[PDB]
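Right, one structure below, let's go through it.
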Amino acid sequence: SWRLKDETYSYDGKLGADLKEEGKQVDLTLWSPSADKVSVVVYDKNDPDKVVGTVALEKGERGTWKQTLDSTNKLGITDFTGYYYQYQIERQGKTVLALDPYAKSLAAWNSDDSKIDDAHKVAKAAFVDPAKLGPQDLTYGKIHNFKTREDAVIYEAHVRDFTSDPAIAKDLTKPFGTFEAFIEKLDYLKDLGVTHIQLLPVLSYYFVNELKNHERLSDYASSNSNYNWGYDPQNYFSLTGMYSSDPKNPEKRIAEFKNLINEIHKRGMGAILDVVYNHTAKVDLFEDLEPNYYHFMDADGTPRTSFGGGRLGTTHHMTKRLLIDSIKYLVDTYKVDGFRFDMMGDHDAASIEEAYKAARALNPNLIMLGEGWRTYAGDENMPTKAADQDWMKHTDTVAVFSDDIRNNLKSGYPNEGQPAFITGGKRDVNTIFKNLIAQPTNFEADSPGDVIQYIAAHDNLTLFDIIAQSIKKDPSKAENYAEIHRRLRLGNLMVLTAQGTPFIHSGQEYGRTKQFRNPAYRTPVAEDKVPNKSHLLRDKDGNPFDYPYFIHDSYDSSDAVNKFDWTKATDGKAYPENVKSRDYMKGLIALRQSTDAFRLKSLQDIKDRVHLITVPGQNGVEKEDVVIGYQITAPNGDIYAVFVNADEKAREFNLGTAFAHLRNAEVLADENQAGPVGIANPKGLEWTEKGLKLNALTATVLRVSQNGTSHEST
Ligand SMILES: [Ca+2]
Ligand code: NA
Ligand code: NA
């Protein structure tokens, strides 16, 4: 029983291998209460296959094992730095090789060798001292335009994707797809105006061959690729080697990642780490350490499983401190600015709340968010409050993604690809309004800061591709490309002016695609050739698009699928529509940052200040429609208004006497541009007798500045 094991062996002392005396000594502590013996196997720093020696540990308090390696070793080592190790643990006459769960770095890891021998089944840890690596001045972000969670603008990027486009090889001075190559494209992000860059999992993950990390994955593939998003966790303190200049040097990834974080900070941004504590890649990672303990279990003690590995049981004392120690070590070592929890609804609320508190005590401006789906499994017959969307009414700490706004604007599970608000499918106007004020309909958000507002992310089809599928129009036709971009800008404007915390998938700003443009796949292929995780996109007549296969889950896809396209993102001669959308997103960000009208800090303040103008059923607005219009009274007394016409015809928005004051407003966004300065000659708008008319697929934002108003009418 894990609960009984806790009463008898709950240990709160230090764990891991602490490299001491400029490398002359190492102190080792492992928790393994059921072990009969525990030795450390030391592998050579130059040839990790070679065992240099094995040293017995001795029993310590509360189920731990401990040893000091020093001067007096007969390993022939005078500096331990860079040597590798595993624990050899004996139980009931059986011996296993286990990974130190508190390993601070690792040997280059290649899962294609995992069957060779027991020493290859899991990574080997490295003795390293992170404090002495990287910029010694690294500290927490001083993040521009940011005071509290509602002021964050999050940008979700995978480290490889962000510099894996062969088109930028000419400009890169560091190995593509690494932490230091990422630095070289940071100015684009500073210029975009985002506040926090959320990176896909940088902690060590299992299914990958890090020895091929400099190889270009240039053939289209959507399965069996060396590429990995990283959701197959191996260790919660060590960085993967996949984004390192040299995976074989266990200190380099740490220095390089410190350098990356410091450069993000120098540019006035912060870093958020995607972390995957909900499950490990392999049951044995932790079962080999202590049997029938670390994972959520059936009543008989069988480890419960998720994504092919063990569900970590964060209610259990040593699993709880694994999560918490990991969060603290990552904040203090790498000075990050927040975390995004994967499958956060799998965890007990108490763990997630305690991680938040611990992290904030180190970095008082740190923020968190997570996938709050209702997914809790836990221990059999041990119901527990989970850190899911229903936790939001009980806490004002960690936010959750809002599937209500994503689904209602452009579809999501179940029902992916069904027309929705920006894709030709009428939706309940009050449901759209409530979402835009950070009041989703599927959970109770009693703070706009509880709500991460988004329409695209790394999973599912990209905003560009899901729009193309939904409206059923082939982007290879110029007029359809333009239309898709109109709809993408409208969706982006809805999110960037919504209450709550907006979240931007890397590439959403320009209309990134995951179309499987393999020359052999121009037209539909035989069923046994169909690319894994694809949809075959069709026009309204049911004709395939040109290159009809689009990847909707690119977790196991090559760079040809996953690269961020820098030519579409930045070369406005070659791709004027994409760059126009990018610049539309930059301006929308600048618009949001210019006023706190779009980022009110309480529910009560949103109730007082935000009012629906397009009342469903009145004045040409149907109960369910593809238009919406609303007003905000900003805290300084200025009046903003957002109007969206997602119909394929011109639509009128009725102002009457109640909203007549919007007639002498500056236009901050129109069909071409967005930003904080009034647009000289606004396009797509027409003032009429009843109010305001927008062109088809057009959105606008208005501002009335009280400093230009009458002294007498008052
Ligand atoms: Ca893969
Ligand atoms: Na999708
Ligand atoms: Na996208």
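So you can find residues: chains in the structure tokens are A, B, ... in the order shown, residues in each start at 1, and ligands are numbered from 1 in order.
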
(request) Please identify every polymer residue within 7 Å of ligand 1, using only C-alpha atoms and all ligand atoms, and present the set as a PyMOL selection string. (result) chain A and resi 207-208+223-228+555-557

Dump C-alpha atoms for the selected residues as an mmCIF file, in the first residue's frame?
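Generated file (part38.cif):
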```cif
data_model
loop_
_atom_site.group_PDB
_atom_site.id
_atom_site.type_symbol
_atom_site.label_atom_id
_atom_site.label_comp_id
_atom_site.auth_asym_id
_atom_site.auth_seq_id
_atom_site.Cartn_x
_atom_site.Cartn_y
_atom_site.Cartn_z
ATOM 1 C CA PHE A 207 11.282 7.821 -28.149
ATOM 2 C CA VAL A 208 14.011 9.522 -30.090
ATOM 3 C CA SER A 223 4.751 8.435 -38.681
ATOM 4 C CA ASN A 224 7.992 6.682 -37.732
ATOM 5 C CA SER A 225 9.968 9.929 -37.769
ATOM 6 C CA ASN A 226 12.871 10.702 -35.455
ATOM 7 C CA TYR A 227 11.035 14.019 -34.842
ATOM 8 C CA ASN A 228 8.999 14.031 -31.559
ATOM 9 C CA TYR A 555 3.671 14.490 -33.062
ATOM 10 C CA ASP A 556 5.577 11.929 -35.181
ATOM 11 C CA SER A 557 6.023 13.925 -38.411
#
```

(message) Just want the residues within 7 Å of ligand 3, written as a ChimeraX atom specification, counting only C-alpha atoms and all ligand atoms.
(response) /A:456-457,462-464,505-508,511-512

Next, write the just-selected residues to a file, as a compact mmCIF listing (two decimals), in the first residue's frame, keeping C-alpha atoms as the atom set.
```txt
# COMPACT_ATOMS: atom_id res chain seq x y z
CA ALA A 456 -5.25 26.71 -32.44
CA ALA A 457 -2.33 24.92 -30.81
CA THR A 462 -3.53 24.52 -37.72
CA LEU A 463 -5.87 27.57 -37.85
CA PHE A 464 -5.21 27.90 -41.66
CA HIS A 505 -0.02 28.73 -31.74
CA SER A 506 3.39 29.42 -33.37
CA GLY A 507 2.51 30.11 -37.01
CA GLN A 508 -1.12 31.12 -36.41
CA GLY A 511 -1.28 30.93 -41.56
CA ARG A 512 1.07 28.00 -41.02
```

Compile a residue-level contact table for chain A against ligand 2 at a cut-off of 6 Å, reporting for every qualifying residue the shortest atom pair and its distance in Å to one decimal, with only C-alpha atoms and all ligand atoms counted, rows ordered by chain and ascending number, as JSON lines.
```
{"residue": "A:416", "atom": "CA", "partner": "ligand 2", "partner_atom_place_in_ligand_line": "1 (Na)", "distance": 4.9}
{"residue": "A:460", "atom": "CA", "partner": "ligand 2", "partner_atom_place_in_ligand_line": "1 (Na)", "distance": 4.1}
{"residue": "A:461", "atom": "CA", "partner": "ligand 2", "partner_atom_place_in_ligand_line": "1 (Na)", "distance": 4.2}
{"residue": "A:466", "atom": "CA", "partner": "ligand 2", "partner_atom_place_in_ligand_line": "1 (Na)", "distance": 5.8}
{"residue": "A:552", "atom": "CA", "partner": "ligand 2", "partner_atom_place_in_ligand_line": "1 (Na)", "distance": 5.8}
```

Next, the residues of the selection above should be written as a short mmCIF file (atom, residue, chain, number, x, y, z; two decimals), in the first residue's frame with N, CA and C atoms.
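Result file follows (result_20.cif):
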```cif
data_model
loop_
_atom_site.label_atom_id
_atom_site.label_comp_id
_atom_site.auth_asym_id
_atom_site.auth_seq_id
_atom_site.Cartn_x
_atom_site.Cartn_y
_atom_site.Cartn_z
N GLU A 416 -14.60 18.05 -35.11
CA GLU A 416 -13.59 18.77 -35.87
C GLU A 416 -13.98 18.97 -37.32
N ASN A 460 -4.05 19.02 -33.29
CA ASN A 460 -5.14 19.33 -34.29
C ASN A 460 -4.68 20.16 -35.47
N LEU A 461 -5.57 20.41 -36.45
CA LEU A 461 -5.12 21.09 -37.65
C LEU A 461 -4.85 22.54 -37.24
N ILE A 466 -7.59 24.20 -40.64
CA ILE A 466 -8.94 23.90 -40.13
C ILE A 466 -9.95 24.84 -40.77
N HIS A 552 -3.11 16.29 -39.00
CA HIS A 552 -3.85 16.91 -37.88
C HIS A 552 -3.19 16.58 -36.59
#
```

(request) Rank A:297, A:106, A:660, A:119 by their smallest atom-to-atom distance to residue 246 in chain A, using only C-alpha atoms, and report the top residue only. (result) A:106

(request) Considering only C-alpha atoms, state which residue in the set A:468, A:159, A:674, A:432 is at the smallest distance from residue 630 in chain A. (result)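 So, comparing all the options, the nearest one is A:432.
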
(request) Find the residues near residue 105 in chain A: any atom within 8 Å, counting only C-alpha atoms, skip ones fewer than 5 places away on the same chain, and give them as a PyMOL selection string. (result) chain A and resi 125-128+237-239+250-251+254

(message) Between CA of residue 629 in chain A and CA of residue 682 in chain A, what distance in Å does the model show, to one decimal?
(response) 17.8 Å

(message) I need the helix (DSSP H, G or I) residues of range 201-394 of chain A per DSSP on the backbone, written as a ChimeraX atom specification.
(response) /A:210-212,252-266,284-287,317-334,344-346,349-362,389-394

(message) Would you pick out the contacts of residue 592 in chain A at 12 Å or less, using only C-alpha atoms, so that residues sharing its chain but fewer than 5 positions from it are not included, and give the list as a PyMOL selection string?
(response) chain A and resi 145-146+150-153+193-195+492-502+585-587+597-600+634+640+668-669+674-677+701

(request) Have a look at A:103, A:42, A:560, A:108 and name the one nearest to residue 17 in chain A; count only C-alpha atoms. (result)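 So, comparing all the options, the nearest one is A:103.
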
(request) Write out as a ChimeraX atom specification each polymer residue whose atoms come within 12 Å of residue 265 in chain A, counting only C-alpha atoms; drop sequence neighbours fewer than 5 positions from it. (result) /A:135,137-144,183,186-187,189-190,195-197,258-260,270-272,334-337

(message) If I take CA of residue 44 in chain A and CA of residue 31 in chain A, how far is one from the other in Å, to one decimal?
(response) 24.5 Å

Counting only C-alpha atoms, give me one row per residue of range 412-449 of chain A with an atom at most 12 Å from an atom of range 385-394 of chain A, showing the shortest contact pair and its distance in Å to one decimal, sorted by chain then residue number, as a Markdown table.
```
| residue | atom | partner | partner_atom | distance |
| --- | --- | --- | --- | --- |
| A:439 | CA | A:392 | CA | 11.4 |
| A:440 | CA | A:389 | CA | 10.4 |
| A:441 | CA | A:389 | CA | 11.3 |
| A:442 | CA | A:389 | CA | 8.5 |
| A:443 | CA | A:390 | CA | 6.1 |
| A:444 | CA | A:393 | CA | 5.9 |
| A:445 | CA | A:392 | CA | 5.8 |
| A:446 | CA | A:393 | CA | 5.6 |
| A:447 | CA | A:393 | CA | 8.2 |
| A:448 | CA | A:392 | CA | 10.3 |
| A:449 | CA | A:392 | CA | 9.7 |
```

(request) State, in Å with one decimal place, the distance from CA of residue 398 in chain A to CA of residue 458 in chain A. (result) 20.2 Å

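With distances restricted to only C-alpha atoms, A:211 is the closest residue to residue 112 in chain A from A:530, A:312, A:211, A:38.
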
(request) Would you list the contacts of residue 694 in chain A as a ChimeraX atom specification, taking every protein, DNA or RNA residue within 8 Å and counting only C-alpha atoms, but skipping same-chain residues closer than 3 positions in sequence? (result) /A:644-645,650-652,684-686,698-699

(message) Applying 12 Å and only C-alpha atoms, which residues near residue 229 in chain A remain after dropping the ones on its own chain fewer than 5 positions away? List them as a PyMOL selection string.
(response) chain A and resi 157-161+199-208+240+242-243+274-276+458-459+553-559+562

Each range 362-428 of chain A residue no farther than 10 Å from range 315-320 of chain A, nearest pair in Å, only C-alpha atoms, as a tab-separated table:
```
residue	atom	partner	partner_atom	distance
A:378	CA	A:315	CA	8.4
A:379	CA	A:315	CA	9.0
A:384	CA	A:315	CA	8.9
```
